[PDB]
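*Asks:* need coordinates for the following:
(one chain, ligands or ions: 8)
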Amino acid sequence: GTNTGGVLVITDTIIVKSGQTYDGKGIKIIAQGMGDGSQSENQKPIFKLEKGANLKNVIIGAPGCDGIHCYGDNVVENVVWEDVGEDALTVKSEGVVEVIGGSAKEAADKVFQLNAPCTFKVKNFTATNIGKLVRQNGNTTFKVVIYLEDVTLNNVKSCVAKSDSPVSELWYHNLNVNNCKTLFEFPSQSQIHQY
Ligand SMILES: O=C(O)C1=C[C@H](O)[C@@H](O)[C@@H](O[C@@H]2[C@H](O)[C@@H](O)[C@@H](O)O[C@@H]2C(=O)O)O1
Ligand SMILES: O=C(O)[C@H]1O[C@H](O)[C@H](O)[C@@H](O)[C@H]1O
Ligand SMILES: O=C[C@H](O)[C@@H](O)[C@@H](O)[C@H](O)C(=O)O
Ligand SMILES: [Ca+2]
Ligand SMILES: [Ca+2]
Ligand SMILES: [Ca+2]
Ligand SMILES: [Ca+2]
Ligand SMILES: [Ca+2]
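*Replies:* Numbering: from 1, shown residues only. Ligands and ions are numbered 1, 2, ... in the order given. See the structure here:
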């Protein structure tokens, strides 16, 4: 990537507009004044992806702040979270959201937080030292469908995925998990399927 070795220091959330692709070309981003990457719920996202916005080829350095906010129909490709903040990426509004490539590390709690009905696919992705890979917002009963395809996880302190919704589903294909308490916390294990 042509921005590789550059560090971009930002002081506000980067807004990517509907239909646009923000291509970092390998830039590393370090956010200032947007949060400390703790579990405080009051930090800013590094990126806000409007519905139909895409993001690719960015390394997000510490502090991870509130990661990437996705408003739906978003492709997030080859994004590396060096040090996840409060959470890495949140689905804020309905649509399809795909994380393809990249990796995440050092998530004290969630990597992916799903706050609206969505189809959420994680493909060709690695994560190390995480609490949960995927959480549907606690105590909600709207439907998410999660796909984990070619995903490798190491050191999962809580679980791979958690939902409190009976109608939600998780499908996985080529999922490799090392050092994990419990793979899935859903109302019923029959919500979890391979393919
Ligand atoms: O980001 C959170 O703290 C959070 C997200 C979930 O939507 C809520 O259910 C709640 O999660 C609890 C707990 O508060 C949190 O600290 C961690 O232990 O995960 C829990 C979980 O149920 O996922 O808070
Ligand atoms: O709830 C749903 O819409 C779906 O649930 C499962 O995924 C089932 O395999 C589908 O055939 C469809 O019924
Ligand atoms: O009900 C609780 C709220 O949704 C709040 O906890 C959210 O902000 C969520 O943790 C997140 O990080 O998006
Ligand atoms: Ca948290
Ligand atoms: Ca949170
Ligand atoms: Ca958050
Ligand atoms: Ca962290
Ligand atoms: Ca179903």
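*Asks:* isn't there a strand covering residue 51?
*Replies:* No. Under DSSP: H, G, I helix; E, B strand; the rest coil, residue 51 falls outside any strand and is assigned coil.
*Asks:* for the remainder of this discussion, apply numbering that starts at 2.
*Replies:* With 2 as the first residue, the last one maps to residue 52.
*Asks:* show me what contacts it?
*Replies:* Residues in contact with residue 52 (C-beta atoms under 8 Å, 6 or more residues apart in numbering) are 19, 72, 73, 74, 75, 94, 96. Every C-beta, even on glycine, is put in place using the N, C-alpha and C of the backbone.
*Asks:* ok, and the most crowded of those?
*Replies:* Highest neighbour count within these, by other C-beta atoms under 10 Å: residue 75, with 27 neighbours.
*Asks:* for that one, give its distance to ligand 6.
*Replies:* Distance of residue 75 to ligand 6, given as C-beta to the ion, to the nearest Å: 16 Å.
*Asks:* same check, this time on residue 73
*Replies:* Here the criterion is C-beta to the ion. By it, residue 73 lies 17 Å from ligand 6.
*Asks:* cool, residue 136 as well?
*Replies:* 10 Å.
*Asks:* tell me which element that residue falls in.
*Replies:* Assigned by DSSP states H and E, residue 136 belongs to strand 119-137.
*Asks:* done for today, thanks.
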